[PDB]
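Down below is the structure, laid out as structure tokens.
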Amino acid sequence: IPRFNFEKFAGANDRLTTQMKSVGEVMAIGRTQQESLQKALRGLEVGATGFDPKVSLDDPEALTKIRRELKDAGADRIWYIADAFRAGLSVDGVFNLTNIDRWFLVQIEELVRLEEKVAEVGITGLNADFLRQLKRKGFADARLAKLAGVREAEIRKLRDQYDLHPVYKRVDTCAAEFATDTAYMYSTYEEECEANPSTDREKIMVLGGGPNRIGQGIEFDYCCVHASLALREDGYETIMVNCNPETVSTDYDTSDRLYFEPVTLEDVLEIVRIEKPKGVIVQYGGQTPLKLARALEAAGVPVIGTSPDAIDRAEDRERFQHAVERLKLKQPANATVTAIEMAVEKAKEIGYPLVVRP
Amino acid sequence: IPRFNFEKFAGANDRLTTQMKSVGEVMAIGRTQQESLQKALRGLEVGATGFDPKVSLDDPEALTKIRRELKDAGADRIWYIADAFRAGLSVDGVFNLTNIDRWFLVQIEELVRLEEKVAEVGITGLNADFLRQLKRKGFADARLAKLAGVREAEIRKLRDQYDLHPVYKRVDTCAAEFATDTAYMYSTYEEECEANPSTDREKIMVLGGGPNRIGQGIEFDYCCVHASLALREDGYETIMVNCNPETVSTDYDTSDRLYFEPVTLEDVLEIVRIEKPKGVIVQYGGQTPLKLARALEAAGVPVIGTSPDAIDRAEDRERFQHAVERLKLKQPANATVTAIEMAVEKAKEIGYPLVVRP
Amino acid sequence: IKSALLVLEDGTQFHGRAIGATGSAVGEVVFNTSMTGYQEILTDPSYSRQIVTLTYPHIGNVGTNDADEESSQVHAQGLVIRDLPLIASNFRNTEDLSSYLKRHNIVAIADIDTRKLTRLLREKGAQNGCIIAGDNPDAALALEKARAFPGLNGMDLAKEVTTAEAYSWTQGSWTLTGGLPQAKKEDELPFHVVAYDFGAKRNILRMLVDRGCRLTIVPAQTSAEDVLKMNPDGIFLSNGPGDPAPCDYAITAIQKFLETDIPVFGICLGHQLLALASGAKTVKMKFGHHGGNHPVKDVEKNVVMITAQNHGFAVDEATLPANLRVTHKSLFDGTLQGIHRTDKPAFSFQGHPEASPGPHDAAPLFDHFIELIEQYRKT
Amino acid sequence: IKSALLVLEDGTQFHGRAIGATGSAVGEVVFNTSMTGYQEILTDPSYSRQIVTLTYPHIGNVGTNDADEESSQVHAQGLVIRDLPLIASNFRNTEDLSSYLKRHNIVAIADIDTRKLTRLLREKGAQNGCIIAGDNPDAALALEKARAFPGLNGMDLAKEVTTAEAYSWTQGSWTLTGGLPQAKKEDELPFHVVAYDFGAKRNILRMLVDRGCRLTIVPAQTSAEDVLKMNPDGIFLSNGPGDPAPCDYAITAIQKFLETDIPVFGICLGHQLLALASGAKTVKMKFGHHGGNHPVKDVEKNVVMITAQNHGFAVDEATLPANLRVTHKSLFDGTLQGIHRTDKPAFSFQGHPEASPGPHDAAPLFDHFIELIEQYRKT
Ligand SMILES: NCCC[C@H](N)C(=O)O
Ligand SMILES: NCCC[C@H](N)C(=O)O
Ligand SMILES: [Cl-]
Ligand SMILES: [K+]
Ligand SMILES: [K+]
């Protein structure tokens, strides 16, 4: 799935055409196209958990906007396609506007219908059999959680309860015709697990930054790669977690073990679950792994290096402002404003010109 | 089907609710739901030929108006349903907004698809088989003409060509379990014809006005009934053509033969075809039969009384005026005007106040 | 294009569309005016060897469901309709008509002028026919099958549809709220009625169970001796297909029951055997009665009941032994609809008190049987 | 729940969903890596008595079509897949997969870990298994049926799938443009090739024709005696199921042709026979070769071809008679892939030059044959 950054070029024509406009891409592997597709959506670093809604059901103009987005594809097409089905448009209807093969269309309609059920049955309705069916089709714990009106963690717990965990298949070039000595794996909900983790070494996991985006480029991947090269050389068993098909990080040669997965709490927690690593590095892949830091810790992940809290201290404007203060360092004068006139007054205090952020 | 008159009540809320707002109703009989419904649409006297489109397919906002029309019914809902299917909406889509049982919905979608086929193949694709199938579904020659881009007469001519005519079934209260001496008929495209028209008597056909509407009320039905009564008494075999369920005109007792049909050129010609009446009366049913005069006459119909042409001389603003001047009578000063500035002057001539008919 | 074709003895042909299984069907052709209840109708054993035509155009609007089956299978030999709707649309549906039919291996045709056919049947009477569904239906072939069909007059079909071995019945009527109930316990029902299965309809049994009767359904050919040995509280004569006349073993057994004082009650076929068993004669109707709007008069009370009918044969009222009294007549044609033994605790009814598709107007006929029993017991 | 279950000899079970006929299926369980061409694989006689597992998850994406059938029926015992798509989406589809299955009354299961299966068969070699598809599939039963299975070793399957009568074939190959062509006129074809029907694939025949060959298909047990009478321009040995070993008549016959100067050429089974008829020995492969991405080298030319493979038994390189020269070898396992008679105009190929689902790489193998013919004619 391509990765766009249209929000950084507002004046730009954001319709997809023959001239590339994407700044990156993500890839996912699934035993099924549905599973494959959803895994990519949640690994895109756009805040999707899958087919998150773009329009409101009760919006009277919705069909009109959906229609538009379908006929003239933009970076958001995918989501609109799902909204079309929630809005009552048929597969044939959608095909006609998009020219996307029905073969794919039907599959997305089925994910919609499935979601509607999750929304109707709620959490009570999430029995093992059904939950499994949902996982098998690539639904993220997070997507489910929203439909069920619960916390992502709740779905995750429910999964634990049921012993509903993905297994790992390996990439081999031959559809299992021949054995493999490489540890290039992907998650899926099936029977046999091919992870066969080692009890032998002290493992170090490196978290990738997912698809590239403006501001989150190759520089991070570069770091990731080095982390792996160095520690593996040092004697550790290096585990890389990433889904950018364009990188060196995602080369099986780059590490001892490669988990070609979405860099998400869910997906990461699962690997850890079975890997039981010695430490995890969340500081080298950009914003992506950074945002997971706290959460991971919370869940018991053995996060190495600068602490999630330490990171927050730096990231939190307020938290920061205090260490500075304490340190007796110099910062430009600031102020957090709520209201318009509040700012206009508070501004006289700070003095123009000003840097207004939201 | 109810008949509304919202156009005469400009500032009135036109959404349908629990307080009635219709002024009349039409009824239809068909061997199947589709045929029955289509027959009803074409006899509604609202200018429809079946499911004529309300919004343009190229209209980008169309899905918005459609949605609205479905969710909050107006008198035109029935037509927006079809437009919704033409627009890519699904049966469930439509269900959800209208609460109209899918049992009914699917049949409408079905006709939409058939319409799409007619539009695609055109007249050339209207083979005997296909054409028969369409008639059996209630399609009006006039609707088929619209879809194939031809004149209704061509569809007609083509039917005649294939000896493709309807048969008449009779009402009997018992699903034909018992014989009937009554002649209360309806057309359909089936095998056996129960018409069994007489050779014996002199026939006079009386044309009703369809549903009641403001300006076209009971008053016309009364005249129609009177003509039947009077002539039947007189020794003529009276034949009544009408489709308003509320009237005496549609009471089997009122005439010798009752054709409970749409008061259309199509329907009426089919009857004339087998009845070979002595005369047809078109001046008693109001505007409906009146508008058919010329076409009937043109098609060989023995229209009795004041000629379609004479009627036209009076109804025709110019024809009339001539006669008036010819009789040296007194009319009010008038003028036709095309323009918006033209008027202002002609106005000046005529003298205020003015009557402005558009 | 799935062709199907119906050909009558008379050579009349009806060209339409296959909606059920492929193959051929041969039987007597009938028409049923029931605007509702097609499943029930199809599952009615009385229809064995008959090709059923429905007068109501849309057949299958509400799909089908188990609760709506009046026997273990579809007894109808074939189905003839005008329109098979696009979809089934009912909360109760579990399978669309077509599938159901396909499942039951029933040859069925749609899209024909059922009115023309009804009119023909009404006017010229019953006719045997053949339905051929398949690629290239052979008309001449169908004519032959229809022609070669032996006919139902004098055809014992109760023996063909009856239960192999006797069995117990203790399940009650269905309800909207709970569906079909759970079978009662033998100790939950006061009476013991032995129901001869001449091709019994589930509803009759259920309705009896409704009145406190534990049943024992016995094969049609079951001996009266064998029956008495059971010391029944009531004997019930079920409904069923074919001619009742050639069912010697039922008339005889019944005659036996009539020597006794045990309460006997018959419905439809049971009504005819009862009559035969009483010395009455039966005749086969011109086209019979098949529908759910048939007005029957309770001559005694002078009241009308709208009924559910399904019979091709009738009891001749002018050959009625004096021990037989007239209780109900058809308001449509005057044909005998009910009789009562003057001398004994036995009576029957031509129509269907259990209905199953149809009005519940005749259900009280059931109550009379109940009294009889209660009185028998007292003695 | 429309349950399906597959059990292996080893008692390993895979519980999925039924997607074809209701019933049971027993055979040798194999795996095919072919990403496209499922219908052609299905209709491959060679698959007789075999339960076909497809490694590529989505099976059915393009539906089915007549043109894509390699035989008159479906030879596969059963079908095991990971996922059956909601729809078929291809302009050439005439029926969805499930439908096709049920039609060919094929037991098929979906939704199982096919990968788990493949790695099992690869690791532990082929296994006989059973698929049961119905309401309540009896695991115990399945295992039982699977274990009871004779096995394909020493199983002449050739005889079972061969034509009853001989017959002519003059139909050429399919084109995107004119689909399947009209069979040619005899005069139209220069050569006359006699083809022993060992369970022959339609493509082989079409491809031969394409090279001006009028054919005469013959049953498996036809006598060389009978055959030679025909004055054949060339003799061809088709592919086919089971063991070739036990095909005595075949072997015998061939040896007979091996005395003559007639150009002979075999494919797959026909390849093993020739070998056997030459003094070679055949072996049953651990799990064999089924796929369409198999690299095979023309040892002579030192060129690689990607090929379509379908065989569970091979010709042992080490036991080859001197009169037999190696021509092709597999790049995956180096197993024997082609042989040529040093002393005669006879040769064969283990893979499928005609492919049919698969790469057109081995096509020229046909050419050599032609050349031989033309050369034999000159004489
Ligand atoms: N996947 C874990 C070990 C892999 C092993 N060599 C195999 O291919 O079976
Ligand atoms: N359709 C003409 C009426 C003739 C007749 N009494 C009948 O009901 O058949
Ligand atoms: Cl108002
Ligand atoms: K027809
Ligand atoms: K499974």
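Residues in the structure tokens are numbered from 1 in each chain, the chains being A, B, ... in the order shown, and ligands are numbered from 1 in the order shown.
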Which residues of chain C have any atom within 12 Å of an atom in ligand 2 when counting only C-alpha atoms and all ligand atoms, and what is the closest pair of atoms for each, with the distance in Å to one decimal? Order the rows by chain and rising number and write it as a Markdown table.
| residue | atom | partner | partner_atom_place_in_ligand_line | distance |
| --- | --- | --- | --- | --- |
| C:115 | CA | ligand 2 | 9 (O) | 10.7 |
| C:116 | CA | ligand 2 | 9 (O) | 9.9 |
| C:117 | CA | ligand 2 | 9 (O) | 11.7 |
| C:118 | CA | ligand 2 | 9 (O) | 10.3 |
| C:119 | CA | ligand 2 | 9 (O) | 6.7 |
| C:120 | CA | ligand 2 | 9 (O) | 8.9 |
| C:121 | CA | ligand 2 | 9 (O) | 11.1 |
| C:122 | CA | ligand 2 | 9 (O) | 9.0 |
| C:123 | CA | ligand 2 | 9 (O) | 7.7 |
| C:124 | CA | ligand 2 | 9 (O) | 11.1 |
Keeping N, CA and C atoms, export the residues of the selection given above as a short mmCIF file (atom, residue, chain, number, x, y, z; two decimals), in the first residue's frame.
data_model
loop_
_atom_site.label_atom_id
_atom_site.label_comp_id
_atom_site.auth_asym_id
_atom_site.auth_seq_id
_atom_site.Cartn_x
_atom_site.Cartn_y
_atom_site.Cartn_z
N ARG C 115 -53.99 -20.00 -14.74
CA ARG C 115 -55.42 -19.73 -14.81
C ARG C 115 -56.11 -20.55 -15.89
N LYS C 116 -55.39 -20.63 -16.99
CA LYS C 116 -55.85 -21.38 -18.12
C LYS C 116 -56.02 -22.83 -17.72
N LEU C 117 -55.05 -23.30 -16.95
CA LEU C 117 -55.05 -24.65 -16.48
C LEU C 117 -56.18 -24.89 -15.49
N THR C 118 -56.36 -23.96 -14.56
CA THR C 118 -57.43 -24.10 -13.58
C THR C 118 -58.77 -24.19 -14.30
N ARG C 119 -58.99 -23.24 -15.19
CA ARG C 119 -60.21 -23.19 -15.95
C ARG C 119 -60.50 -24.51 -16.67
N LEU C 120 -59.46 -25.10 -17.22
CA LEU C 120 -59.55 -26.35 -17.94
C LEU C 120 -59.97 -27.50 -17.01
N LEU C 121 -59.31 -27.55 -15.86
CA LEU C 121 -59.55 -28.54 -14.83
C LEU C 121 -60.98 -28.42 -14.30
N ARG C 122 -61.36 -27.20 -14.02
CA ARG C 122 -62.67 -26.95 -13.51
C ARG C 122 -63.73 -27.44 -14.47
N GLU C 123 -63.59 -26.99 -15.72
CA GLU C 123 -64.52 -27.27 -16.77
C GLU C 123 -64.55 -28.69 -17.30
N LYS C 124 -63.40 -29.32 -17.51
CA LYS C 124 -63.36 -30.68 -18.03
C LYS C 124 -63.03 -31.74 -17.01
#
Interface list for chain A, partner chain D, 8 Å threshold, only C-alpha atoms, as a ChimeraX atom specification: /A:31-32,101-103,106-107,174-178,190-192
Can you write out the residues you just picked, keeping C-alpha atoms, as an mmCIF file, in the first residue's frame?
data_model
loop_
_atom_site.group_PDB
_atom_site.id
_atom_site.type_symbol
_atom_site.label_atom_id
_atom_site.label_comp_id
_atom_site.auth_asym_id
_atom_site.auth_seq_id
_atom_site.Cartn_x
_atom_site.Cartn_y
_atom_site.Cartn_z
ATOM 1 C CA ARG A 31 -2.463 -16.334 4.263
ATOM 2 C CA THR A 32 -5.472 -14.647 2.630
ATOM 3 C CA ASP A 101 -11.850 -5.848 -9.839
ATOM 4 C CA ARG A 102 -14.959 -7.251 -8.019
ATOM 5 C CA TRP A 103 -12.799 -10.031 -6.784
ATOM 6 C CA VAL A 106 -16.467 -8.503 -2.589
ATOM 7 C CA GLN A 107 -13.821 -9.149 0.004
ATOM 8 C CA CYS A 174 8.691 -22.444 -2.917
ATOM 9 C CA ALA A 175 5.408 -22.772 -1.084
ATOM 10 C CA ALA A 176 7.028 -25.165 1.411
ATOM 11 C CA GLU A 177 8.257 -27.567 -1.238
ATOM 12 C CA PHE A 178 11.699 -27.204 0.264
ATOM 13 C CA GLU A 190 -3.468 -20.962 11.493
ATOM 14 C CA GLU A 191 -2.428 -24.250 13.074
ATOM 15 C CA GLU A 192 1.290 -24.866 12.652
#
Within 10 Å of ligand 3, counting only C-alpha atoms and all ligand atoms, residues as number ranges by chain: B: 6, 9-15, 21
Distance query residue 44 (chain D) at most 7 Å, only C-alpha atoms, self and fewer than 3 positions along chain excluded, as a list in words: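 Residues near the query, excluding close chain neighbours: residues 40, 41, 47, 70, 71, 74, 75 and 201 of chain D.
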Store the residues of this selection in a file with N, CA, C and O atoms, as a PDB file, in the first residue's frame.
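The resulting file, out.pdb, is shown below:
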ATOM      1  N   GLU D  40      -7.449 -27.353 -14.785  1.00  0.00           N
ATOM      2  CA  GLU D  40      -6.705 -28.248 -15.622  1.00  0.00           C
ATOM      3  C   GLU D  40      -6.076 -29.354 -14.790  1.00  0.00           C
ATOM      4  O   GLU D  40      -5.965 -30.500 -15.220  1.00  0.00           O
ATOM      5  N   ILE D  41      -5.662 -28.986 -13.586  1.00  0.00           N
ATOM      6  CA  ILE D  41      -5.080 -29.979 -12.720  1.00  0.00           C
ATOM      7  C   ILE D  41      -6.147 -30.983 -12.329  1.00  0.00           C
ATOM      8  O   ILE D  41      -5.891 -32.171 -12.412  1.00  0.00           O
ATOM      9  N   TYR D  47      -4.339 -37.794 -11.923  1.00  0.00           N
ATOM     10  CA  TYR D  47      -4.745 -37.548 -10.555  1.00  0.00           C
ATOM     11  C   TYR D  47      -5.696 -38.580  -9.949  1.00  0.00           C
ATOM     12  O   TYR D  47      -6.069 -38.502  -8.762  1.00  0.00           O
ATOM     13  N   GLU D  70      -8.858 -30.771 -19.144  1.00  0.00           N
ATOM     14  CA  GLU D  70      -7.851 -31.625 -19.777  1.00  0.00           C
ATOM     15  C   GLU D  70      -8.336 -33.040 -20.076  1.00  0.00           C
ATOM     16  O   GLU D  70      -7.610 -33.820 -20.690  1.00  0.00           O
ATOM     17  N   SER D  71      -9.556 -33.331 -19.606  1.00  0.00           N
ATOM     18  CA  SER D  71     -10.218 -34.618 -19.790  1.00  0.00           C
ATOM     19  C   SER D  71     -11.717 -34.435 -19.727  1.00  0.00           C
ATOM     20  O   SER D  71     -12.181 -33.339 -19.457  1.00  0.00           O
ATOM     21  N   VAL D  74     -13.456 -35.184 -13.936  1.00  0.00           N
ATOM     22  CA  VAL D  74     -12.547 -34.791 -12.885  1.00  0.00           C
ATOM     23  C   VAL D  74     -11.948 -36.061 -12.287  1.00  0.00           C
ATOM     24  O   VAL D  74     -12.657 -36.881 -11.694  1.00  0.00           O
ATOM     25  N   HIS D  75     -10.633 -36.214 -12.481  1.00  0.00           N
ATOM     26  CA  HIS D  75      -9.876 -37.373 -12.036  1.00  0.00           C
ATOM     27  C   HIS D  75      -9.442 -37.349 -10.572  1.00  0.00           C
ATOM     28  O   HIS D  75      -9.304 -38.394  -9.916  1.00  0.00           O
ATOM     29  N   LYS D 201      -3.882 -36.571 -21.457  1.00  0.00           N
ATOM     30  CA  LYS D 201      -4.321 -35.176 -21.323  1.00  0.00           C
ATOM     31  C   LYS D 201      -4.646 -34.613 -22.691  1.00  0.00           C
ATOM     32  O   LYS D 201      -3.867 -34.759 -23.635  1.00  0.00           O
TER      33      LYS D 201
END
Find the nearest atom pair between each residue of chain A and chain B for residues within 10 Å, count only C-alpha atoms, give distances in Å to one decimal, sort rows by chain and ascending number, and present the table as a Markdown table.
| residue | atom | partner | partner_atom | distance |
| --- | --- | --- | --- | --- |
| A:59 | CA | B:64 | CA | 9.7 |
| A:60 | CA | B:64 | CA | 6.3 |
| A:61 | CA | B:64 | CA | 5.5 |
| A:62 | CA | B:64 | CA | 7.7 |
| A:63 | CA | B:63 | CA | 5.9 |
| A:64 | CA | B:63 | CA | 5.7 |
| A:65 | CA | B:61 | CA | 8.9 |
| A:66 | CA | B:63 | CA | 9.7 |
| A:67 | CA | B:60 | CA | 7.9 |
| A:68 | CA | B:60 | CA | 7.8 |
| A:84 | CA | B:89 | CA | 9.4 |
| A:85 | CA | B:93 | CA | 8.7 |
| A:86 | CA | B:93 | CA | 8.6 |
| A:87 | CA | B:93 | CA | 6.8 |
| A:88 | CA | B:93 | CA | 3.8 |
| A:89 | CA | B:89 | CA | 4.3 |
| A:90 | CA | B:90 | CA | 5.1 |
| A:91 | CA | B:88 | CA | 8.3 |
| A:92 | CA | B:88 | CA | 6.9 |
| A:93 | CA | B:88 | CA | 4.0 |
| A:94 | CA | B:88 | CA | 7.4 |
| A:95 | CA | B:88 | CA | 9.5 |
| A:96 | CA | B:88 | CA | 8.5 |
| A:97 | CA | B:88 | CA | 9.4 |
Restricted to N, CA, C and O atoms, what would the selected residues look like written as an mmCIF file, in the first residue's frame?
data_model
loop_
_atom_site.group_PDB
_atom_site.id
_atom_site.type_symbol
_atom_site.label_atom_id
_atom_site.label_comp_id
_atom_site.auth_asym_id
_atom_site.auth_seq_id
_atom_site.Cartn_x
_atom_site.Cartn_y
_atom_site.Cartn_z
ATOM 1 N N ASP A 59 -24.740 11.126 7.881
ATOM 2 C CA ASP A 59 -24.488 12.291 7.034
ATOM 3 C C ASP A 59 -25.184 12.082 5.693
ATOM 4 O O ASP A 59 -24.909 11.141 4.922
ATOM 5 N N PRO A 60 -26.089 13.010 5.427
ATOM 6 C CA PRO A 60 -26.944 13.067 4.252
ATOM 7 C C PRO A 60 -26.171 13.307 2.980
ATOM 8 O O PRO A 60 -26.625 12.988 1.890
ATOM 9 N N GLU A 61 -24.981 13.861 3.132
ATOM 10 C CA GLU A 61 -24.193 14.096 1.956
ATOM 11 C C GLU A 61 -23.164 13.027 1.707
ATOM 12 O O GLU A 61 -22.540 12.992 0.654
ATOM 13 N N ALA A 62 -23.024 12.151 2.696
ATOM 14 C CA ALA A 62 -22.086 11.076 2.626
ATOM 15 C C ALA A 62 -21.971 10.334 1.297
ATOM 16 O O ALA A 62 -20.893 10.237 0.733
ATOM 17 N N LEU A 63 -23.067 9.835 0.783
ATOM 18 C CA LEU A 63 -23.021 9.114 -0.473
ATOM 19 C C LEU A 63 -22.457 9.968 -1.562
ATOM 20 O O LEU A 63 -21.803 9.514 -2.494
ATOM 21 N N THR A 64 -22.722 11.247 -1.414
ATOM 22 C CA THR A 64 -22.223 12.145 -2.409
ATOM 23 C C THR A 64 -20.690 12.276 -2.385
ATOM 24 O O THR A 64 -20.004 12.224 -3.395
ATOM 25 N N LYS A 65 -20.129 12.375 -1.199
ATOM 26 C CA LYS A 65 -18.692 12.464 -1.034
ATOM 27 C C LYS A 65 -18.028 11.135 -1.309
ATOM 28 O O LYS A 65 -16.932 11.083 -1.855
ATOM 29 N N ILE A 66 -18.703 10.053 -0.927
ATOM 30 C CA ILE A 66 -18.158 8.741 -1.177
ATOM 31 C C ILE A 66 -18.020 8.575 -2.659
ATOM 32 O O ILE A 66 -16.985 8.155 -3.191
ATOM 33 N N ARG A 67 -19.107 8.932 -3.312
ATOM 34 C CA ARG A 67 -19.156 8.813 -4.748
ATOM 35 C C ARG A 67 -17.989 9.505 -5.420
ATOM 36 O O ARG A 67 -17.311 9.021 -6.316
ATOM 37 N N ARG A 68 -17.749 10.685 -4.965
ATOM 38 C CA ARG A 68 -16.696 11.479 -5.493
ATOM 39 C C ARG A 68 -15.324 10.844 -5.306
ATOM 40 O O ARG A 68 -14.515 10.739 -6.213
ATOM 41 N N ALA A 84 -18.578 3.082 1.340
ATOM 42 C CA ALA A 84 -19.593 2.923 0.321
ATOM 43 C C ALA A 84 -20.514 1.754 0.683
ATOM 44 O O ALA A 84 -21.741 1.831 0.612
ATOM 45 N N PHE A 85 -19.906 0.659 1.101
ATOM 46 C CA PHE A 85 -20.672 -0.507 1.469
ATOM 47 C C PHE A 85 -21.501 -0.205 2.705
ATOM 48 O O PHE A 85 -22.630 -0.561 2.779
ATOM 49 N N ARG A 86 -20.955 0.466 3.697
ATOM 50 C CA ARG A 86 -21.744 0.793 4.864
ATOM 51 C C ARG A 86 -22.876 1.738 4.498
ATOM 52 O O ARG A 86 -23.877 1.878 5.183
ATOM 53 N N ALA A 87 -22.706 2.420 3.401
ATOM 54 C CA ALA A 87 -23.734 3.334 3.002
ATOM 55 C C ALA A 87 -24.785 2.744 2.042
ATOM 56 O O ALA A 87 -25.711 3.427 1.644
ATOM 57 N N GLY A 88 -24.669 1.482 1.652
ATOM 58 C CA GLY A 88 -25.681 0.863 0.789
ATOM 59 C C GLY A 88 -25.392 0.785 -0.700
ATOM 60 O O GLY A 88 -26.258 0.487 -1.513
ATOM 61 N N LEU A 89 -24.154 1.051 -1.071
ATOM 62 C CA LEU A 89 -23.799 0.958 -2.470
ATOM 63 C C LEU A 89 -23.380 -0.473 -2.715
ATOM 64 O O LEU A 89 -22.741 -1.071 -1.835
ATOM 65 N N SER A 90 -23.740 -1.018 -3.876
ATOM 66 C CA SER A 90 -23.372 -2.398 -4.191
ATOM 67 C C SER A 90 -21.936 -2.519 -4.726
ATOM 68 O O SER A 90 -21.273 -1.540 -5.049
ATOM 69 N N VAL A 91 -21.497 -3.747 -4.848
ATOM 70 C CA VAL A 91 -20.195 -4.055 -5.362
ATOM 71 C C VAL A 91 -20.174 -3.576 -6.790
ATOM 72 O O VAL A 91 -19.241 -2.934 -7.265
ATOM 73 N N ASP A 92 -21.260 -3.869 -7.491
ATOM 74 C CA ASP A 92 -21.355 -3.423 -8.878
ATOM 75 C C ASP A 92 -21.326 -1.891 -8.932
ATOM 76 O O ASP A 92 -20.770 -1.279 -9.813
ATOM 77 N N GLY A 93 -21.963 -1.255 -7.965
ATOM 78 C CA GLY A 93 -22.016 0.178 -7.935
ATOM 79 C C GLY A 93 -20.607 0.714 -7.814
ATOM 80 O O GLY A 93 -20.153 1.571 -8.567
ATOM 81 N N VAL A 94 -19.906 0.184 -6.840
ATOM 82 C CA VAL A 94 -18.527 0.564 -6.558
ATOM 83 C C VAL A 94 -17.597 0.284 -7.771
ATOM 84 O O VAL A 94 -16.841 1.149 -8.206
ATOM 85 N N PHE A 95 -17.685 -0.916 -8.358
ATOM 86 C CA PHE A 95 -16.906 -1.301 -9.527
ATOM 87 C C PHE A 95 -16.992 -0.256 -10.619
ATOM 88 O O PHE A 95 -15.993 0.200 -11.177
ATOM 89 N N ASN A 96 -18.218 0.096 -10.923
ATOM 90 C CA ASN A 96 -18.473 1.042 -11.959
ATOM 91 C C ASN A 96 -17.749 2.346 -11.753
ATOM 92 O O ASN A 96 -17.267 2.938 -12.708
ATOM 93 N N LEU A 97 -17.683 2.813 -10.520
ATOM 94 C CA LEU A 97 -16.977 4.071 -10.269
ATOM 95 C C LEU A 97 -15.472 3.858 -10.184
ATOM 96 O O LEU A 97 -14.704 4.722 -10.544
#
Within 6 Å of ligand 1, counting only C-alpha atoms and all ligand atoms, residues as a PyMOL selection string: chain A and resi 179-181+194-196
Expected answer as a PyMOL selection string: helix (DSSP H, G or I) residues in region 61-242 of chain C: chain C and resi 66-68+97-104+114-124+139-148+158-161+186-188+202-210+224-228
